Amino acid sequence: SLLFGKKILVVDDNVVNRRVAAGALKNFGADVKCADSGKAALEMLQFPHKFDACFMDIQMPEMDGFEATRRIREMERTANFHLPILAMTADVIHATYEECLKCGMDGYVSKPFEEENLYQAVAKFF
């Protein structure tokens, strides 16, 4: 609703990850452009680009989302508007999750300070 009409840029090296995020934002009325790479996100973020936000995966080979953001910010300064850039951390989350299960934990608590989530994590009682 509120992000209806806006143009997001979704950067991830993983096609399934792109597909999920872009379908979610497509649902909310955003129109979405993807990019498989930091190098390509910078190509698409040039001097006059018209993007309203950007969902940037932090774990990519060759150039990770942290560098491609340092670059986007320096791109913007040498061109002087703040492109809001939000990190997609599912790569890190999945890795700690395997690390949990692997020492015999029965799962993890997403959003670890939100009540409804601590409930949702405990259905070893039904």
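For every residue, the number given is its place in the sequence shown, counted from 1.
Per the record, residue 80 and residue 81 are separated by a gap of 10 or more residues from the deposited sequence that were not modelled.
Looking at 30-38 and 50-58 together, the entry lists the larger mean B-factor for 30-38, computed on C-alpha atoms. Note on 18-26 vs 108-116: mean CA B-factor is higher in 108-116. When the C-alpha B-factors of 75, 85, 101, 95 are ranked from the entry, the top spot goes to 75. Residue 123 sits in the highest third of its chain by CA B factor, as recorded in the PDB entry.
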